[PDB]
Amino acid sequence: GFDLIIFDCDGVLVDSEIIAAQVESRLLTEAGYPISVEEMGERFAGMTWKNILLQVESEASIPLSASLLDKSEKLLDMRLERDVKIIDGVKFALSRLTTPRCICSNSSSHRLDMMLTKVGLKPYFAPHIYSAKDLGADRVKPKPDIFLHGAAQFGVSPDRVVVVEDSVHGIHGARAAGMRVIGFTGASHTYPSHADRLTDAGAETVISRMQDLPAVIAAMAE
């Protein structure tokens, strides 16, 4: 009963959020705020690097410059290109699923291209790789815009689309678009409250093995 599967890229297809968690927790740790990658998830999930730094100064008065907003983005860029890994079970899932697929992401088109090419996934999605940054300024998830755009490119009504998301903002975006959502907590940056957070945001179900996608989708279709 689904004519389209929409995937997010970061934290779903590619293990990119563990790399952001690593960069950020180290930049925080060095600035006077010791925090492990694991706690990044528990304390700051979803939040932008900018708002995290605002919350840290608010809660602990740690001196944190604007010079450290760009060290993050450029360190992340470099580390993604060198180290980013595909999520386990992606190629298993894609082998089995018969439903058409696309990517709707908040990441820039350039970043998407770089990550997907590296892990060899691009040919399985192009040209159906949609960045919310290309739609306009401030059209980013939790707005439904990117999802509605991807569904319309396939001519699929939103009630016939299932979305795979690891983030609360993507889940709200997808629900706001009238779609059904599978939360995914199998990426390496996951944390104890992750599945509950995804459920609370409107995930119909949560999986931690990408290999479970074919079964979970079939069951959701009834």
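Don't overthink the numbering: it's just position in the shown sequence, from 1.
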Per the entry, higher mean C-alpha B factor between 178-186 and 37-45: 37-45
Given 187-195 and 24-32, the range whose Cα B-factors average higher in the PDB entry: 24-32
Out of 122, 128, 91, 71, highest CA B-factor residue: 71
Out of 171, 54, 162, 156, highest CA B-factor residue: 54
CA B-factor ranking of residue 143, expressed as a third of its chain: lowest
Third of the chain's Cα B-factor distribution that residue 151 belongs to, per the entry: lowest
Where the record places residue 75 (Cα B-factor, split into thirds across the chain): highest
Within-chain third of residue 102 by Cα B-factor, per the entry: lowest
CA B-factor ranking of residue 132, expressed as a third of its chain: middle
